Ligand SMILES: Cc1cccc([C@H](C)c2c[nH]cn2)c1C
């Protein structure tokens, strides 16, 4: 009784979703990662100088 | 190479020395973990020693060996996740008594694991007088197949001990046993003997020569 | 004289020295930087390997230079020193083997009280003590044909101190351990019998390589010293046998430890 | 009326299935051969370690081990700033305050302990002993200097107040052991793991879960938020990392490989969200691409298994540490 | 809180002997490096001696070697300094100062009360002028001329400032010439270059008047500047 009364009310909140399209979601993800790829050093190794670790 | 990180580094060395001293002092004792299943089990053993909802550690003292005993009794959560941390522990304790014998398969489950294998098990049968007074009467049954043995008493006890055992599928395991009546002080002594035996076995396995 | 074969002799001696130094540096590197291996026990093995390195890198060159030309090309200095170093290092090796075996026996027997005292302090003290005693044994008497000393008082005492006591101590200790192991190990019996035979074999080989290598030369050296002098040419072979054992010894201890062997496997590949 | 639940479930199944239509941006260049090397060897611990965290300075990292000691290292010079002796030896998590003044840890003691750093006496000491849970703790995070968020083994997650010392709210509904709760960069939402292959986002103010994601076969063990604060990836004992997006409400990229047969212990993203780091229950630290779906990055060593790994806020370096009591810094 | 009470001084004839005891309470003294600093009865500051937290490292000033010795005992929470063969120049009042060294540390944070004592190369910094008339509500600037650049390869600038209240024990303002000490209003702000050092005070009030000092920590021995005194004309 209680479990169903709670689950039914909970499920409608998750049902109330847009949903945003996966194509544009993936496009946003690739755009963001490409835009921010110029900062992290693991992609392109930085020079040995200015490196805190020798 | 600069004034003050010279002091910082010597502070670091002092910290390291203190840490190593504390570690070499702490690793000197021995650790046994007991996880009695069901009920009417480990309570008698823990009572035989001479802020809730958590594991309780009991510290013991016997012949210059103080023991750190951990019983995960209040842990209502699943075993697989928190069960593993006890990995480097010398001996386990197993208590059972006396139908509802899923503890039989639970023993097999704990004795067979991807890790934790190379550890001896000290199982206790803490309820013996109750079993005896139950077996003078004929329940009988025995609710086992093809028992085909004498009813009373040592014969039935030995058949039970042969059961609930022999599931050791690995070498270099020394499964122990005892007959506790919940009224004797010999439990500490036999535990000490088992610990001493497993230490000797271990040492012999170390070069080894085993 | 071996006018032509000296090339083969020097080649084999260099091969022996490189093999022993390789094995010893390998075992030292393995014992360092290994958390499981980290234990007070291994310090004796470290000291033994170090003494084995030093003896190989010092004595073998000069002994090789001897007996291939027939002339002591160097001066009177420093042959005395040389002999002292040679006896010191041999005795070191022997008594480190003695100490490691004694420590194991001490650990196996009377386990409840013993595990208490294995503190790097005590073990480092024992290492100091063994180095001192070796130095004390080696201290006296401190064309040219500078050959091994033959003082009657020195020869017998040095021989007994270098050989007889450690050998009997090893024999007694390992017989005791074998008896205890057999007694304790009175459907996976496949199994118990196989484990029994295996540990019997490993104890046999450990106690046997040492004796078969060191007994011949010391036996002959004890002979012709105060007793009847009946030496022969194979004395040179007997001499070399000691360096062969020095090369040999490190492996016979590293092979029979599963975690030690795993560390060796990791470091090699 | 329980059948209505399983019909609604088919409704939402068709919904998610229709809202999606791998074959996109596949032409981008591969990350290529990626190799990291050890630069430091933090060798102070004695026993196995479980968790570590990075400070906001990207300088001091704290790790916990079975010996019961917390160490604040100096990653630059491999020093030891502090060594806290614990009350309960058994610990499974640790956390660093964003302000750098407090450090918290917890384990099987079922109580979260919070410590203080800056004081007149110049010695660390306890501040509060949070005792509301009845199960083993999994992880702790700091929303700010005044609020903590934690996840225990009671299938429940609770938000506390250190000065108050009481559970201001409680979240529940996973019906399984919840592990590895990771806060989002926005510090207003978070997603927690579960023992039943389910992940749920939660609201830090309203108090009820917003979405519930599924699709995996076995227990999960790790989760972390994407730098953009709009996605996350979860690791599991099925040797599989699955990426979920709240907007998509469906799995995006199933990372898998036939050769690997093992579990997962910890994951962490990169600064730009292109390197997907992970720590397996094996003798390596497998590294995967963000969305290109190729097993590219491999890290050798160390001897034992791998428990935790954490990337710095700036991305200069990464840290590791596992049951062998050694910590390595890979750059 | 933290209290440093010292009383071991007295009028001693030249060539005599005396001992100094600085009692520490309110903090873990066993984990701190301890400093001795004396001030002349008329003007001037100088460093006497320093002892490490672990007592494994000792230092002394140029005119202290062979005459004065230092020693501390952790269980007693007190520092022992022995005055032997005291000279006519030694007539000055002293100060015992605590310190600590690790990453992001603030040494010389708290200063003692001091004792009254009477009788009968290395980089040096200069401050000029030593007296400037100021008014409340007006910002002021202080500079300390240094000899050698103090910017170490670690990216740091080993320099510290201090402020002595008129008749009271001095206390710290800026550490590492860039940060702010605890219990200090945000108006103060250190500054300067690698060799040139500047102190900035904004919205000066009538309770901050005193004497300023500059001090370096790049290399032993230490040294102190001439100092600058303000007024409320
Ligand atoms: C007494 C003594 C000490 C050291 C060495 C030896 C023998 C002759 C030897 C030489 N070279 C390697 N072994 C003896 C006899």
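Every residue, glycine among them, receives a Cβ derived from its backbone with ideal geometry; neighbour counts consider all protein chains shown. Bear in mind these aren't lab numbers, they're just calculated from the coordinates by the rules spelled out.
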Along the Cα→Cβ direction, 7 angstrom out, place labels at residue C:21 and residue C:244. What is the inter-label distance in nm? 2.2
Over chain D, the sum of -39500 (n - 2.57) across DSSP H runs of at least four, divided by residue number and rounded to 500 deg cm²/dmol, gives at 222 nm -1500 deg cm²/dmol
Which whole number gives the average, over all residues in E:149-156, of C-beta atoms from other chains lying within 10 Å of the residue C-beta? 2
Within the protein assembly as shown, what percent of beta bridges assigned by DSSP are antiparallel, to the nearest 5? 90
Highest mean first, how do E:30-39, A:15-24, E:150-159 rank when packing is the count of other Cβ atoms within 10 Å averaged over residues? E:30-39, E:150-159, A:15-24
Cα axis of helix A:2-15 to longest principal axis of chain A: angle in degrees, 0 to 90, nearest 10? 50
Averaged over residues of D:243-256, the number of beta carbons from other chains lying within 10 Å of each residue's Cβ is 3
What ranking do D:175-185, C:32-42 get when scored by the average of other Cβ atoms within 10 Å per residue, highest first? D:175-185, C:32-42
Compute the Cα gyration tensor for region D:1-125, then decide on rounded, prolate or oblate, letting a ≥ b ≥ c be the square roots of its eigenvalues: rounded whenever a/c is under 1.5, prolate when a/b is larger than b/c in the other cases, and oblate in all that remain. oblate
Fewest-first ordering of B:116, B:124 by Cβ atoms within 10 Å yields B:116, B:124
First measure r as the distance between the Cβ atoms of residue D:121 and residue D:28, then evaluate 1/(1 + (r/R0)^6) with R0 = 56 Å and state the FRET efficiency to the nearest 0.05. 0.50
Neighbour-count order for D:12, B:121, fewest beta carbons within 10 angstrom listed first: D:12, B:121
Please report, to one decimal in angstroms, the Kirkwood hydrodynamic radius of region B:121-210 built from all distinct Cα-Cα pairs. 15.6
Would you mind pulling out the separation of the Cα centroids of region B:2-36 and region D:201-227, in Å? 39
Any chance you could check the Cα centroid distance between region E:25-80 and region D:279-331 for me, in angstrom? 48
For an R0 of 45 angstrom, estimate the FRET efficiency from the Cβ-Cβ distance between residue C:204 and residue B:56 and round to the nearest 0.05. 0.35
With Rg and the Kirkwood Rh both taken from Cα atoms, where does Rg over Rh land for chain C? 0.99
When the gyration tensor of chain B is built from Cα positions, what are the square roots of 5 times its three eigenvalues, in whole Å, from largest to smallest? 42, 19, 17
The equivalent-ellipsoid semi-axes of the protein assembly as shown, taken as the square roots of five times the Cα gyration tensor eigenvalues and listed largest first in whole Å, are 56, 52, 32
State, to one decimal in nm, how far the label point of residue B:113 lies from the label point of residue C:63, with both points 7 Å from Cα in the Cβ direction. 5.3
For region D:72-101, list residues with backbone N below 19 Å from a point placed 7 Å from the Cα of residue E:153 toward its Cβ? D:75-79
Once the Cβ-Cβ distance between residue E:84 and residue E:62 is put in as r, and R0 is 22 Å, what FRET efficiency do you end up with, to the nearest 0.05? 0.85
What's the ranking of D:295-302, D:253-260, D:53-60, B:157-164 by average number of surrounding C-beta atoms within 10 Å, highest first? D:53-60, D:295-302, B:157-164, D:253-260
Distance between the C-alpha centers of region E:183-233 and region C:202-228? Whole Å please. 83
If the viscosity is 0.692 mPa s and the temperature 37 °C, what Stokes-Einstein diffusion coefficient in µm²/s follows for region D:183-233 when Rh is the Kirkwood radius over Cα pairs? 287
Output the Kirkwood hydrodynamic radius of region B:1-124, Cα pairs only, in Å rounded to one decimal. 17.6
At residue C:10 and residue E:220, where each label point lies 7 Å from the Cα along Cα→Cβ, what is the point-to-point distance in nanometres? 5.6
Quick one: Debye curve from the C-alpha atoms of region E:1-156, no solvent, what's log10 I(q)/I(0) at q = 0.12, 0.17, 0.20 Å⁻¹? -0.65, -1.13, -1.32
For region D:1-330, what does the equivalent ellipsoid look like in terms of its semi-axes, each the square root of 5 times an eigenvalue of the Cα gyration tensor, given largest first in whole Å? 32, 26, 17
Shape metrics for region D:186-331, restricted to C-alpha atoms - Rg then Dmax, Å: 15.0, 46
